[PDB]
Amino acid sequence: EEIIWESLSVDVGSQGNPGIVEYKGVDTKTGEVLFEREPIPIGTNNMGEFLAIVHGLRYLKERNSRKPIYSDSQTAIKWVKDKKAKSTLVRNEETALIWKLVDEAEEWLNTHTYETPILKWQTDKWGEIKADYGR
RNA sequence: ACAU
DNA sequence: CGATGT
Ligand SMILES: [K+]
Ligand SMILES: [K+]
Ligand SMILES: [Mg+2]
Ligand SMILES: [Mg+2]
């Protein structure tokens, strides 16, 4: 129904899918960019979406913030819930870096706790998520 | 079908 | 139009 403005919003941006993947997190109320991941040469949209949420979890935990996270990715929200990124991307030399980060993100989820609500951004009702890359 |  | 996902 109502946007929770006191929140963190994350999104992926890519050049190709699979392709170059980046992500960022922003203050939903103001759009202030709070973190930005250096581009990863080969990844999928959903791996980036997943990494972005997990990074948000770690960012908020480190700052003792109870803010929820918005993501527009049904897939990544479920992957974080499951603590398991069920990506189809081939594991080979050129995808090594993204798979390393995904493995480490899962590993972090399996060794830490959090109460952060991970909420679906309702793009159809509210427009594009505030962390969108505008491509 | 829905979410990207 | 193509791809990644439930
Ligand atoms: K975009
Ligand atoms: K499809
Ligand atoms: Mg998105
Ligand atoms: Mg977007």
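The figures that follow rest on heavy atoms only: side chains count, while hydrogens, waters and symmetry mates do not. Order of the sequence lines sets the chain letters (A, B, ...), proteins ahead of strands, with each chain counted from 1.
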**Q** Please check the phosphate of C:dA3 (OP1 and OP2 only) for any side-chain N or O of A:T44 closer than 4.0 Å.
**A**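 For C:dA3, neither OP1 nor OP2 has a side-chain N or O of A:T44 closer than 4.0 Å.
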
**Q** Start with the C-alpha gap between A:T44 and A:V21, add the side-chain angles, then the distance that decides, and say whether side-chain contact (heavy atoms from CB on, under 4.5 Å) holds.
**A** CA-CA 7 Å; A:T44 65; A:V21 165; 6.0 Å; no

**Q** Quickly work out the A:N17 CG to B:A3 P distance and round it to whole Å.
**A**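 So the two atoms are 17 Å apart, to the nearest Å.
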
**Q** Could you tell me the separation between the CZ atom of A:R91 and the P atom of C:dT4, rounded to a whole number of Å?
**A** 16 Å

**Q** Tell me, which pairs form a salt bridge (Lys or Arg N to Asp or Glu O under 4.0 Å) where one or both residues lie in residues 5-17 of chain A, sequence neighbours left out?
**A**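 Qualifying pairs, neighbours excluded: none.
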
**Q** Expressed as a whole number of angstroms, how long is the span from A:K81:NZ to C:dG5:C1'?
**A**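 That distance rounds to 16 Å.
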
**Q** Taking CG from A:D11 and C1' from C:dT4, how many angstroms apart are they, rounded to a whole number?
**A** 14 Å

**Q** Identify whether any heavy atom of A:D72 sits under 4.0 Å from a base atom; if not, whether one sits that close to sugar-phosphate; answer base, sugar-phosphate or nothing.
**A**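 Result for A:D72 = sugar-phosphate.
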
**Q** A:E49 has an atom CD; how far is it from atom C1' of B:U4, in whole Å?
**A**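 To the nearest whole Å, that distance equals 6 Å.
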
**Q** Hey, is the side chain of A:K120 poking within less than 4.0 Å of OP1 or OP2 on B:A3, counting only N and O atoms?
**A**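 For B:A3, OP1/OP2 do not have a side-chain N/O of A:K120 under 4.0 Å.
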
**Q** Figure out the CG/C1' separation between A:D82 and C:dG5, and round it to whole Å.
**A** 13 Å

**Q** Looking at A:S87, I'd like to know whether one of its side-chain N or O atoms comes within less than 4.0 Å of OP1 or OP2 on C:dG5.
**A**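 Yes, A:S87 has a side-chain N/O under 4.0 Å of OP1/OP2 on C:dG5.
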
**Q** Work out which heavy atom in A:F50 is nearest to a heavy atom in A:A76; give both atom names and the distance.
**A**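 Nearest heavy atoms, A:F50 then A:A76: N-CB, 3.5 Å.
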
**Q** Counting heavy atoms not belonging to A:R66, are there more than 12 under 6.0 Å from its CZ?
**A**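 Not more than 12 within 6.0 Å, no.
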
**Q** Are A:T123 and B:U4 close enough that a side-chain N or O sits under 4.0 Å from OP1 or OP2?
**A**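 Looking at the OP1 and OP2 atoms of B:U4, one of them is under 4.0 Å from a side-chain N or O of A:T123.
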
**Q** Just the rounded figure in Å: distance from P of C:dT4 to CG of A:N46.
**A** 9 Å

**Q** Using every non-hydrogen atom in the two residues, find where A:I129 and A:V10 come nearest and quote the distance to one decimal.
**A** CD1-O, 3.3 Å

**Q** Report the distance from atom CD of A:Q15 to atom P of C:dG2, rounded to the nearest whole Å.
**A** 21 Å

**Q** Would you say A:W79 places a side-chain N or O within less than 4.0 Å of OP1 or OP2 belonging to C:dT6?
**A**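 Yes, because at least one side-chain N or O of A:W79 sits under 4.0 Å from OP1 or OP2 of C:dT6.
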
**Q** Report yes or no: is there a donor-acceptor pair, N or O only, under 3.5 Å between the side chain of A:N45 and the base of B:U4?
**A**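 Yes.
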
